[PDB]
């Protein structure tokens, strides 16, 4: 799913050529893309720092996650690596959404099945909400680039709430 494939899908569902409405929709994406791609480049360039900082923000907010025994916690080397990996997944998904101009990548790769996974593995959505909030507070973006990044970060937060 992207702004362009959604336009194509709507047209195809009705057996018709792309409408002027749909061309305007694609233009709308092209116009927004400068801000989106700026956000993607920046988040990518700062990825390791954002991921490391976000993980630390979670451990700080929820100290028990570093202490309690169990596979679901970051109280082992494996657990700490799983956590940083997951946070990296979220950040990577945000950059994909920015690149295509919609939530499709996040929806398909991350949000579908999320509730099942979090319940099954005893992972708290609130841990991930804190990581995402750290990213918002620390990406250092401005203007519409910041707006774009925060829109997709907030989309993930909404899904976890």
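Numbering follows the first chain given and starts at 1.
- Note on 12-20 vs 149-157: mean CA B-factor is higher in 12-20.
- Across the two stretches, 63-71 and 23-31, the PDB entry reports the greater mean Cα temperature factor for 63-71.
- Out of 45, 133, 118, 103, it is 45 whose C-alpha atom has the highest B-factor in the PDB entry.
- For residue 85, the recorded CA temperature factor ranks within the lowest third of the chain's modelled residues.
- The PDB entry assigns residue 49 a C-alpha temperature factor belonging to the highest third of its chain's modelled residues.
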